[PDB]
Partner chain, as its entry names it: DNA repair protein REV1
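Quick heads-up: it's one chain on its own, the form deposited without its partner chain, in structure tokens.
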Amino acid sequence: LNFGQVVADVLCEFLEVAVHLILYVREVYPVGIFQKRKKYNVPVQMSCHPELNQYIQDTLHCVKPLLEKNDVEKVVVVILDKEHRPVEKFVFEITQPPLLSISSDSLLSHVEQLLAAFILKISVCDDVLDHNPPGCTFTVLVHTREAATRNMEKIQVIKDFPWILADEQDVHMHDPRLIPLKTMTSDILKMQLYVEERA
């Protein structure tokens, strides 16, 4: 029983809900494709677009093996402008502790309560951020652990869904404004969510 995989499963399920909600509250896609649902006993917005949904799944299916090995330092949803310059970065800083502690109080109910606080802070974030310019798109970037083995080929999990090294153009954000969202420390996960935004 590999609890690092248990943690990776919780993260990918959460990261899907989070990416969906980010695309909603940042209006990256039209509001019509989104449906109001409840996850972690908290209101969320899931897109019903089949190919957008498959794109997020393929991305996270690829990230998951790296999460299972604790080889991921950041998962970043980056929002591009019409000219492909980054406007905002939604940085999910992730690290499992050196030894995971699995309590039988309730592993699940309390990590989900902690993740629920992340969902609520995302919802209200469009009262602090400036409205993005029209025609924005998004991208997911994965920062791998300092010493990680051949991650470029471990992340190629989905057929015909390749990965690449990002450019400096994909990440360039000189002197941004920092918007902390939520920080959790559990006996299975330390996660930081904050937003960098173009000055």
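Positions refer to the first chain, counted from 1.
The form solved in complex with its partner chain is left out here; the points below concern that form.
Proximity of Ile22 to its partner chain in the deposited bound form falls outside the 4.5 Å heavy atom cutoff. For the chain shown alone, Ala116 is not a contact residue for its partner chain in the deposited bound form, no non-hydrogen atom being within 4.5 angstroms. Within this chain, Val128 lines the site of its partner chain in the deposited bound form, having a heavy atom no more than 4.5 Å away. Interface residue remark: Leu181 is counted as part of the site for its partner chain in the deposited bound form, having a heavy atom within 4.5 Å. In sequence order, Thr183, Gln192, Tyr194, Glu196, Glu197 are the residues of 183-199 having a heavy atom within 4.5 Å of its partner chain in the deposited bound form; the partner itself is omitted from this view.
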